[PDB]
Amino acid sequence: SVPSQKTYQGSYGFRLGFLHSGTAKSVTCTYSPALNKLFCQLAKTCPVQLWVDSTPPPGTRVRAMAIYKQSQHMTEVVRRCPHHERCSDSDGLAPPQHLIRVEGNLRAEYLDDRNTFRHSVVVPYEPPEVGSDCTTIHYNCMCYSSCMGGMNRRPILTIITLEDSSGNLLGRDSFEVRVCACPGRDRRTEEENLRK
Ligand SMILES: [Zn+2]
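Using the numbering used here, the first residue of the sequence shown is number 251, and each one after it goes up by one.
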């Protein structure tokens, strides 16, 4: 009833990577290593890199799930707010309720867990292309952190799990997400407070 968030490289040495986008007022998506926190604008492309030390077997998949970071909310399904689930912005594949979409991948599957009712989205793992050392998935987050009735100003975590063809755990990583109007300013502000 609470998905595990424990970091776990496993046998293939799985871990995430993030681009270095800066904190300019105009940035649509930026990542803070010091806070392990991704700041992005509503429904904007969020590149997430997948890094491994060895290639996992064919049929390996990559799943993304969000949970609330505070323990008192951890048991509540993270979902889109009463407004955004009704704004008819589906891409055909993502259910309107799902906060996290994968962008530009026809093989993305969206899951509604029969037991926990949590949402997740899963894609096949593709090894890196020639001339690349990693694989990138593009994610969208489809509500603001502050959406009333939805995330409701609460911070979330996005958990990325490397899975075999049966859904058994091969690797896990995680990062905090804030969806806000101005990712650059918010990352600067929070990183200033962290030193102080
Ligand atoms: Zn919303």
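Backbone N, C-alpha and C fix where the C-beta goes; we use that ideal spot for every residue, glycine too.
*Short Cβ contact (8 Å threshold) for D423 with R311*: As a working mapping, residue 423 is identified with position 173 in the sequence shown. As a working mapping, residue 311 is identified with position 61 in the sequence shown. For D423 and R311, no; Cβs fall outside 8 Å.
_Please classify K287 as buried or exposed, where buried requires at least 16 neighbouring CB atoms within 10 angstroms._
What you label residue 287 is simply residue 37 of the sequence shown in a count that begins at 1. By the 16-neighbour rule on beta-carbons within 10 angstroms, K287 is buried.
*Check whether the Cβ of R329 lies closer than 7 Å to any heavy atom of ligand 1, and answer yes or no.*
Looking up residue 329 in the sequence shown gives position 79. In this structure, ligand 1 has no non-hydrogen atom nearer than 7 Å to the beta-carbon of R329.
*Would you mind reading off the limits of the alpha helix (DSSP H) that contains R437?*
Here residue 437 is taken as the residue at index 187 of the sequence shown, counted from 1. Its alpha helix (DSSP H) spans residues 433-445.
*Residue of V328, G342, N402, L412 minimising C-alpha distance to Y375*: Start at 1 with the first residue of the sequence shown, and residue 375 comes out as number 125. Nearest option by C-alpha distance: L412.
*Return the residue from the list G421, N355, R445 that minimises the CA-CA distance to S304.*
Position 54 of the sequence shown, counting from 1, holds the residue named residue 304. It is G421.
*Measuring alpha carbon to alpha carbon, tell me which of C331, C432, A316 ends up nearest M324.*
Mapped onto the sequence shown, residue 324 falls at position 74. Looking only at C331, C432, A316, the smallest Cα-Cα distance to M324 is reached by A316.
_If we require 3 or more residues per run, which beta strand (DSSP E) segments fall completely within the segment 360-439?_
Runs found: 369-374, 385-391, 406-413, 419-429.
*asked:* Using beta carbons (cut-off 8 Å, strictly below), is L420 in contact with chain E?
replied: Absent from the structure is chain E; it holds one protein chain and no more.
_Going by beta-carbon coordinates alone, are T366 and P377 separated by less than 8 Å?_
Working through the sequence shown from its first residue, we reach residue 366 at position 116. Working through the sequence shown from its first residue, we reach residue 377 at position 127. For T366 and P377, no; Cβs fall outside 8 Å.
*Just confirm the distance between the C-beta atoms of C290 and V429, as a whole number of angstroms; I'd bet it's less than 8 Å.*
Here the question's residue 290 lines up with position 40 in the sequence shown. Here the question's residue 429 lines up with position 179 in the sequence shown. Confirmed, Cβ separation roughly 6 Å.
*By DSSP, does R351 sit in helix, in strand, or in coil?*
To locate residue 351, count along the sequence shown from 1; it is residue 101. Under the three-state reduction of DSSP output, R351 falls in the strand class.
*Counting only runs of 3+ residues fully inside the segment 281-347, write out the beta strand (DSSP E) ranges in chain order.*
For the segment 281-347, the full-length beta strand (DSSP E) segments reaching 3 residues or more read 287-290, 296-301, 311-318 along the chain.
*Given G309 as reference, the closest of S382, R438, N418, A284 once Cα atoms are compared*: Locating residue 309 in the sequence shown gives position 59, where the first residue counts as 1. The option with the nearest alpha carbon to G309 is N418.
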